[PDB]
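No Cβ is skipped: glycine too gets one built from the backbone with ideal geometry, and neighbour counts run over all protein chains shown. Read-outs: derived from the displayed coordinates by stated rules, not from any lab.
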Amino acid sequence: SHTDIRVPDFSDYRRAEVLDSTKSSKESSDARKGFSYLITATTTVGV
Amino acid sequence: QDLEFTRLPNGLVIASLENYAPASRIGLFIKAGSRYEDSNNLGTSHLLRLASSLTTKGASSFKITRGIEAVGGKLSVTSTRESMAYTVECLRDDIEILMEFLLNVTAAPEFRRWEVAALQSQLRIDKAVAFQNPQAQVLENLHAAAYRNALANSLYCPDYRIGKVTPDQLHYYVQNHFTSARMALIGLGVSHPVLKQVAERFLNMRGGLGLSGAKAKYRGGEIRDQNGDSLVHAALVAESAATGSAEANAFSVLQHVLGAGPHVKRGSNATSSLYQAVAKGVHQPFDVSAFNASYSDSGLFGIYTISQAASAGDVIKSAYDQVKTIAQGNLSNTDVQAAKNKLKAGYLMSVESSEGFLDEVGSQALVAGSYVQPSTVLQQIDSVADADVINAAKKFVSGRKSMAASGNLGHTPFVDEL
Amino acid sequence: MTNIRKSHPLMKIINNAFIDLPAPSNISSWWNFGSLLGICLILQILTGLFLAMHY
Amino acid sequence: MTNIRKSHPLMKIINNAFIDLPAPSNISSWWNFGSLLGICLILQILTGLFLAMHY
Amino acid sequence: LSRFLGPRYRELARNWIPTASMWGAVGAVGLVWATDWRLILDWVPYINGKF
Amino acid sequence: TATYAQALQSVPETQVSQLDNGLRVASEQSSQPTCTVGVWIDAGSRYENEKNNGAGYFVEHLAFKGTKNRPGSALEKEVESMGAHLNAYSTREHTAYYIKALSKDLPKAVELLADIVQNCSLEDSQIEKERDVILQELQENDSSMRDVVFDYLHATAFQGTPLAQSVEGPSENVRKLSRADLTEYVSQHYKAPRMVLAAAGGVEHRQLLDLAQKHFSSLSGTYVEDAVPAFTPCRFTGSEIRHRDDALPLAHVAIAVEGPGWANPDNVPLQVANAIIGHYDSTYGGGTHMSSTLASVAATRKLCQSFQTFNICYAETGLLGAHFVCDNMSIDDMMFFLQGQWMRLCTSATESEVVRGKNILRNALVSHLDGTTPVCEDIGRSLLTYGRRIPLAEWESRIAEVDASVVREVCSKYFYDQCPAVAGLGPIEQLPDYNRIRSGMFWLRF
Amino acid sequence: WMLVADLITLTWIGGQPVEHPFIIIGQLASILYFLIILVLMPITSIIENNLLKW
Amino acid sequence: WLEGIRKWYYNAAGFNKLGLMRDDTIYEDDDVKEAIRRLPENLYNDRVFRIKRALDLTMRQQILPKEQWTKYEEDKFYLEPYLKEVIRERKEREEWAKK
Amino acid sequence: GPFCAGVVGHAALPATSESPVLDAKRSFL
Ligand code: HEM
Ligand code: HEM
Ligand code: HEM
């Protein structure tokens, strides 16, 4: 029924920090969010 | 400590057991329900059960809801055909506030027109939610078919009365049925003197027996729903003994002999005689159990079956034949003893939890006045003889029967055929 | 079929705004000054545009 | 309570226009030229207004 | 007014005060930078290289 | 005139003793004549790989179906004859078999539990019958929307991790499972150090320990060929799974963020926060006047039939969030209000609602631990997870330490600017796209 | 209507030059305008409510 | 004394002239709207007809005949209890919100 | 099995109770 479908692997798209499946995501969440928000901040400064 | 029972001069019964537990549960049990509704005011009990949070003379709806939530308490209304129970549960420190709220709700309701009109839709919402399980509608129709009077009234408001319940009807029902002689204030974790003080404070007014409902009269009818559900729920019952009678205990033992509820998850109900008796005949998904309902005036006993629409007749016939075999005397002493053990264990497990103990004390207080210790109840169970079980089976077989069926009903037998 | 005044989007907006707008029956002449302001604005816009052709 | 973006009338129009407008997921960069035209119109209006202060 | 003169509203006020102060700081910096207000920038190091 | 603190002090204390093989025997003694004795095993779907997933459910299904000492009917006959109720529950992290029975029947109950745990027949014919039953039950469980949406939440949140697997398992595994796989599962996961024998009610700890030494002693914690299963931390992946089925009447959405483990101290403030958020169903009488702002708005606008907040905790990760059933056109509004409440707790929580949440949590803790069955369940689960049954007094102290500052801190750590995991079922078209959902997790004002 | 007359008075003063008679009239008119809008009208409304047994 | 000036204001205000009563002329804020929806149906229908007749009279710039004007004593404050209850409930909700 | 058709509630929990009504192994079968 609803137990015959598994979320398809996105590893090819995933960032290296979260590629591992035995590592807590919260450890690298701050890093990844910092990177994205840094990109945003630099864009805003330029604008 | 031990349970303390006091019958006040106004007729109210106050009970308290200091369990020395973190939580204290106070319940007011009132001898009102669907039974005491007449034809004109059908469903008033339902809205009264829903209207536990409406504005009272002492407190507004906002104050009641917010305060009970702030102390983390719960206010629950439990209604049977013969009883309505208002209970408040919270930590022992804040029990006084919830006790004040409970007595304000029970003794001084306002039933303001706008609030009742707003709540009238909750009647239909609750009825729909309850009727999702077919068992509710089947049992409602079973009670309607069995009795022509008080007990036939549904626990849920009839559809034509959804918007027609009036505040005056609610006030009349409360005034004539919420009375001191009809009430019992049961407390767990609360000292007896405090409960007594609160009872004098609020429950002094509206004394007396109040309006009395007529005795329930057996009708012996059938109601067939034809709702098109795959499985067919069918209940075949006959009149039995009133609660708190020797034959009532005999009927309970008979119910456990035939089979009441599986004890092993995903089991075969090996001890249950009806289950095996049907199972050998029918290899399709099926279910069967013994329906034992006891009320103060009278009771119903019989078989409830859930089976595939095509095979409903076989299942009902097999269960009925197994009951007939019990009636003819094919009952072993070992089966009686095992059923007695199951019933005694069920009583103990029911009174194990705080909610179960409060409900049992309230039911005993309302039905019989005094509280009977669990040991005496077990002794009553033991006193039942095998001959009594056989005679109960003979009474069920011989007596006129009422049936309610829901589902496809293409092959479901009528009462005459059975 | 449907009424074009109700159905068509621009006509729907115009209809609700001015044609079938629910209005109180008792509003007096003082309420006409809003429409008078609208007419004054339109007249000023046209008049000033035609002045600006020569200014 | 209601979200001001969905309930306040001006904000309601703005939301339905360019916030919660259901848009196809596959529109290409050829579908940005309309917004580019709108930006060009606003830019031309501002620039021409500042030019006309000296024209 | 008397409605908002309550201890819970004081608690909410304390909760949002640092945020309000930060937004005020943002506004001050924004103004000083946008106007290139020389009075403030004069002290600012390496921004004083201008003017 | 006992006070709440005095009542907590007077609670009977759980005594924990360990057999040499590693079985931990725990008991709480009460004057009640009825007792609930159960074996809690630290085995579940999270300890199962892809091919053997669902073997735990199969073993649970056929555990009561017979033993080598007593055949299939015999166990049921004994249990029913003594009046006992035998029940089992399997979760992703725990598996348990408990017997509700009279106190005088404790020895026989312990015998039956030991027979079920150790000497399970796993007979092949019964295996085929249970295979058919389990396939039918999977088809039935498809109907239960709440279970499906929670399974989707686990699948999308813990993708690529054993936690994603359902307890029942894929149907293909169910039909492919064999007696060897079930026996291997029992041999690998049912071990004495990973089992707890817990009892509540009229049970003497000395008597329970002696019965355990009599019956469970043979069970061993040695792993054949030193093949020892090793616990694996599970990664939490922010993801969205939408099963759009417009035929369904109402839409179920479950949204969650990664939460603390069982032993993490932050669970208590988070439970207080969730109690502040509250729970609502259409059948609730409180309606608009209910303290929970989300519940009040939902009742006023009839946004959702039901909404509840859940704090599911596993050993190293957990799902923290809420599940709400609503109409097709009210999903976006309810999501907005839920995220608004989350951010309000994160940023500007107040003392009064914190007191309300603490009181609600205290009442839930005390009310749940009522009766032999819940008390025994708490004992077993606490021994397996916390390694100790946290006494109610300790829970009260930890709750009392919670303040508005603590709630704001923990909610900001777990809920603010954190990627959520969303599962939707039914007419979920109005459910906001994941970018909008993630944007809602932070406030531009703060 | 006092406020309307005050606005008429302010118009007249603005038309006229800033000399002795008009200066005091203008100051009085301005004070009266602000007083009528800010203090007199709300207090009078409260008095009216009291009169109507509100 | 005070009743004299109050009666003067009652005649000075024209809502008696239009056949209205005092509670008909109250400004319909949220509390007033809740009070109106709480009115019994007879009071509600009387209210709507009174206001409709008054609006009609104002439309044609006419006034009701002198004998049909409302009397200062006969004026009945139908909406006052309901509005007071609404205000009291709102005050309680605000007070609970305060702390 | 009475199967008292309980309703989920907080601060107002309407519960109505009926008599033993089976529905014991329907899921099992
Ligand atoms: C170019 C300027 C304006 C235009 C085109 C305009 C237009 C309108 C129109 C067409 C109406 C419909 C009702 C009516 O006509 O009486 C209206 C109503 C109204 N306007 Fe404006 N108006 C303008 C200036 C103003 C100003 C300066 C104010 C306040 C200082 C104002 C406040 C109002 C108000 C309060 C109403 C409500 C009328 C009612 O209650 O029926 N308007 N306006
Ligand atoms: C809509 C409100 C408008 C108002 C209240 C307004 C008001 C005035 C006034 C008071 C003058 C001076 C008249 C004089 O003393 O000779 C004037 C002149 C002028 N206005 Fe407007 N105007 C409006 C709209 C427009 C628009 C839309 C245009 C567009 C071109 C415009 C173009 C002019 C021009 C070119 C003059 C100078 C020619 C002249 O003074 O005769 N006006 N306007
Ligand atoms: C879609 C909008 C517009 C277009 C396509 C447009 C087009 C043009 C073009 C092609 C020129 C010739 C410039 C040159 O020869 O160097 C021009 C000049 C000019 N336009 Fe526009 N125009 C637009 C809007 C406006 C507006 C809104 C204004 C005033 C409010 C304006 C005022 C002027 C002025 C003052 C000039 C003289 C600039 C010069 O001499 O170089 N224009 N426009």
* More than 18 angstrom apart: percent of Cα pairs within the range F:228-377 -> 64 percent
* To do: With θ set to phi - 60°, apply the Karplus curve 6.51 cos²θ - 1.76 cosθ + 1.60 along the range B:6-20 and write out the HN-Hα couplings as whole Hz, x wherever there is a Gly or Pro.
  => 9, 9, 6, x, 5, x, 5, 10, 10, 10, 8, 10, 8, 6, 6
* Structure fact -> Taking a ≥ b ≥ c as the square roots of the Cα gyration tensor eigenvalues, with a/c under 1.5 meaning rounded and otherwise prolate when a/b beats b/c or oblate if not, chain A comes out prolate
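Plugging the Kirkwood radius over Cα pairs into Stokes-Einstein for the range B:205-315, at a temperature of 25 °C and a viscosity of 0.890 mPa s, what D comes out in µm²/s? Show your work: numbers first, answer last.
Working: Rh = 16.1 Å.
Rounded to a whole number, D works out at 152 µm²/s.
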* Asked: Taking the range B:317-385 as the region of interest, what is the percent of Cα-Cα pairs per 5 angstrom bin, listed from the shortest bin to the one with the maximum distance?
  -> 3, 14, 18, 19, 15, 11, 12, 7, 0
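Taking N as the number of residues in the range F:79-162, what is its Cα Rg relative to 2.2 N^0.38 Å?
Details: Rg = 17.2 Å, N = 84, 2.2 N^0.38 = 11.8 Å.
For the range F:79-162, the normalised Cα radius of gyration is 1.45.
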* **Contact order relative to length of the range B:80-231, as percent, for alpha carbon pairs under 8 angstrom and 6 or more apart** => 30 percent
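Relative contact order of chain B: what whole-number percent is it, with Cα pairs under 8 angstrom and at least 6 residues apart?
Values: 837 pairs, mean separation 87.3, N = 418.
So the answer I get is 21 percent.
Under 1.5 on a/c is rounded, so check that first for chain C, then, if it is not, pick prolate when a/b is larger than b/c and oblate when it is not; a ≥ b ≥ c are the square roots of the alpha carbon gyration tensor eigenvalues.
Values: a/c = 6.27, a/b = 1.47, b/c = 4.27.
Since a/c reaches 1.5 but b/c is at least a/b, the shape of chain C is classed as oblate.
Given R₀ = 30 Å, what would the calculated FRET efficiency be for B:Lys57 paired with H:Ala12, taking r from the Cβ atoms and rounding to 0.05? Write down the numbers at each step before the final one.
Details: r = 41 Å, r/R0 = 1.37.
The computed FRET efficiency comes out at 0.15.
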* Report the normalised scattering of chain B as log10 I(q)/I(0) at q = 0.07, 0.14 Å⁻¹, calculated by the Debye formula with identical scatterers on the alpha carbons. => -0.36, -1.31
* Calculate I(q)/I(0) for the range B:139-200 by the Debye formula, one identical point scatterer on each C-alpha and no solvent, and give its log10 at q = 0.13, 0.16 Å⁻¹ to two decimals. => -0.64, -0.81
* Structure fact -> Quick calc: nm separation of the 7 Å Cα→Cβ label points for G:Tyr33 and F:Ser217 -> 10.6 nm
* Taking only Cα atoms and a 10 Å spring cutoff, compute GNM fluctuations for chain F and point out the largest among F:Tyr386, F:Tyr152, F:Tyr47. => F:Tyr386
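Give me a single rounded figure for F:365-373: the average over its residues of other chain Cβ atoms within 10 Å of their Cβ.
Working: counts 2, 8, 10, 0, 2, 10, 6, 3, 3.
Mean shielding count: 5.
Any of B:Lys342/F:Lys77; B:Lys57/F:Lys302; B:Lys317/F:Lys100; B:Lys340/F:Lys129 with alpha carbons more than 22 Å apart? Name them for me.
Values: B:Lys342/F:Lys77 12 Å; B:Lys57/F:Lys302 28 Å; B:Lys317/F:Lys100 33 Å; B:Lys340/F:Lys129 33 Å.
Listed pairs above 22 Å: B:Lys57/F:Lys302; B:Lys317/F:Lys100; B:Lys340/F:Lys129.
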* Among B:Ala246, B:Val257, B:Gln276, whose Cα sits farthest toward the positive end of the charge dipole of the range B:205-276 (+1 at Cβ of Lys/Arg, -1 at Cβ of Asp/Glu, about the Cα centre)? -> B:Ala246
* **the range G:8-54 - Rg (one decimal) and Dmax (whole number), Cα, Å** => 15.5, 49
* Just list whichever of B:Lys74/H:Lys98; B:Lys74/B:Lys215; A:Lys26/F:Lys191; B:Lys344/F:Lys108 have alpha carbons separated by over 27 Å in the model shown. => B:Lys74/B:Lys215; A:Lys26/F:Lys191
* Over all Cα pairs of chain F, how is the pair count split among 20 Å bins, expressed in % and running from 0 up to the last occupied bin? -> 23, 53, 23, 0
* Asked: When the distances between all Cα atoms of the range F:135-281 are binned every 5 Å from zero, what whole-number percent does each bin get?
  -> 2, 6, 10, 12, 14, 15, 14, 13, 9, 4, 1, 0
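What Kirkwood Rh does the protein assembly as shown have if only Cα atoms enter the pairwise 1/r average? Answer in Å. Spell out each step's value before the answer.
Numbers: mean 1/r = 0.0278 Å⁻¹.
That comes to 36.0 Å for the protein assembly as shown.
What is the average number of partner chain Cβ atoms found within 10 Å of a Cβ in A:19-32?
Values: counts 2, 3, 11, 6, 3, 7, 9, 8, 1, 0, 6, 1, 0, 1.
Other-chain Cβ atoms within 10 Å of each residue's Cβ, averaged: 4.
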* To do: Using the Karplus curve 6.51 cos²θ - 1.76 cosθ + 1.60 with θ = phi - 60°, work out ³J(HN,Hα) for each residue of the range B:316-322 in order, rounded to whole Hz, and write x for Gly and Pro.
  => 4, 5, 5, 4, 4, 5, 5
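Would you mind calculating the gained length between E:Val26 and E:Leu41 on full extension (0.36 nm times residue separation, minus the Cα-Cα distance), in nm to one decimal? Walk me through the intermediate numbers first.
Numbers: separation 15, 0.36 × 15 = 5.40 nm, distance 1.51 nm.
Taking 0.36 nm per residue and subtracting the Cα distance, the gain is 3.9 nm.
Per the Kirkwood definition applied to all pairs of different Cα atoms, how many angstroms is the hydrodynamic radius of the range F:354-446?
Working: mean 1/r = 0.0597 Å⁻¹.
Roughly 16.8 Å, rounded to one decimal.
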* Using a Gaussian network model of chain B with C-alpha springs under 10 Å, which one of B:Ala118, B:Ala319, B:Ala279 is most mobile by mean-square fluctuation? -> B:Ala118
* State, to one decimal in nm, how far the label point of H:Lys66 lies from the label point of F:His368, with both points 7 Å from Cα in the Cβ direction. => 8.1 nm
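Using C-alpha positions alone, give me the convex hull volume of the range B:95-184 per residue in cubic angstrom.
Values: hull volume 13.8 nm³, N = 90.
In the range B:95-184, the Cα convex hull volume per residue is 153 Å³.
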* Contour minus end-to-end for F:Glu429 and F:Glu13, with contour as 0.36 nm per residue of separation and end-to-end as the Cα-Cα distance? -> 144.5 nm
* **Under 26 Å from the Cα of C:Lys6 - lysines, other chains or at least 8 residues apart** => D:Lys6, D:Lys12
* Mean Cβ count within 10 Å, highest first, over the residues of peptides F:356-366, F:1-11, F:270-280 -> F:270-280, F:356-366, F:1-11
* About the Cα centre of the protein assembly as shown, how large is the charge dipole given +1 on each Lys and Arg Cβ and -1 on each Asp and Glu Cβ? Please answer in debye to the nearest 20. => 2640 debye
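Calculate how large, on average over all directions, the projected area of the Cα convex hull of the range B:166-221 is; give the answer in nm² to one decimal. Don't jump to the answer; show the numbers that get you there.
Working: hull surface 26.9 nm².
Reported value for the Cα convex hull: 6.7 nm².
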* Obtain the nm distance between the two label points defined at E:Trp16 and B:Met205 by a simple spin-label model: each point lies 7 Å from its Cα along the Cα-to-C-beta direction. => 4.5 nm
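Taking Cα atoms of the range F:12-98, Rg/Rh with Kirkwood Rh, to two decimals? All intermediate terms of the calculation are to be shown ahead of the outcome.
Details: Rg = 15.5 Å, Rh = 15.2 Å.
My calculation puts Rg/Rh at 1.02.
Volume per residue, Å³, of the convex hull around the alpha-carbon atoms of the range B:259-338?
Convex hull of Cα atoms, per residue: 122 Å³.
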* To do: Taking amide H positions as placed in the peptide plane 1.01 Å from N, state which residues far from F:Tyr280 in sequence (5 or more) or on other chains have amide H under 5 Å from it.
  => F:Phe307, F:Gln308
* Rounded tilt (10° steps) of G:2-15 against the dominant C-alpha axis of chain G -> 10 degrees
* To do: Sort by residue number and name the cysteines in chain F that have no neighbouring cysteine Cβ under 4.7 Å.
  => F:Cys35, F:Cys120, F:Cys234, F:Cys313, F:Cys376, F:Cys419
* Asked: B:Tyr20's amide H: which non-local residues (gap 5+, or another chain) put their own amide H closer than 5 Å, with H modeled 1.01 Å from N in plane and none for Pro or chain starts?
  -> B:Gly189
* Structure fact -> Treating every alpha carbon of the range B:259-418 as one equal point scatterer without solvent, the Debye formula yields log10 I(q)/I(0) values at q = 0.11 Å⁻¹ of -0.53
* Report, in deg cm²/dmol and to the nearest 500, the calculated mean residue ellipticity at 222 nm for the protein assembly as shown, where each DSSP H run with n ≥ 4 adds -39500 (n - 2.57) and the sum is divided by the residue count. => -15000 deg cm²/dmol
* Roughly what angle does helix B:134-146 make with the longest principal axis of chain B, taking Cα atoms, 0 to 90 degrees, to the nearest 10? -> 80 degrees
* Structure fact -> Counting only residues 5 or more apart in sequence or on a different chain, those whose built amide H sits under 5 Å from that of F:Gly201 are F:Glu28, F:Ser30
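Can you tell me the FRET efficiency between H:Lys33 and F:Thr232 if r is taken as the Cβ-Cβ distance and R0 is 60 Å, rounded to the nearest 0.05?
Working: r = 61 Å, r/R0 = 1.02.
Efficiency computed from Cβ-Cβ geometry: 0.50.
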* Fewest-first sequence of B:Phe131, B:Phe178 by Cβ atoms within 10 Å of each Cβ -> B:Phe131, B:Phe178
* Compute the relative contact order of chain F as a whole-number percentage, counting only Cα pairs closer than 8 Å that sit 6 or more residues apart in sequence. => 22 percent
* Asked: Ranking D:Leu41, D:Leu10 by Cβ neighbours within 10 Å, fewest first, what do you get?
  -> D:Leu10, D:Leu41
* **Cross-link partners of H:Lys71 among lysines (Cα-Cα below 18 Å; sequence separation of 8 or more within a chain)** => G:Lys53, H:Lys7, H:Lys17
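Please state the equivalent ellipsoid semi-axes for the range H:45-93: what are the square roots of 5 times the Cα gyration tensor eigenvalues, largest first, in whole Å?
On the way: eigenvalues 185, 40, 13 Å².
Calculated on Cα positions only, the semi-axes equal 30, 14, 8 Å.
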* What FRET efficiency do you get for B:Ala118 and F:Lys413 if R0 is 60 Å and r is their Cβ-Cβ distance, rounded to the nearest 0.05? -> 0.90
* **Rg/Rh (Cα only; Kirkwood hydrodynamic radius) as it applies to the range B:12-124** => 0.98
* Asked: Cα axis of helix B:61-70 to longest principal axis of chain B: angle in degrees, 0 to 90, nearest 10?
  -> 80 degrees
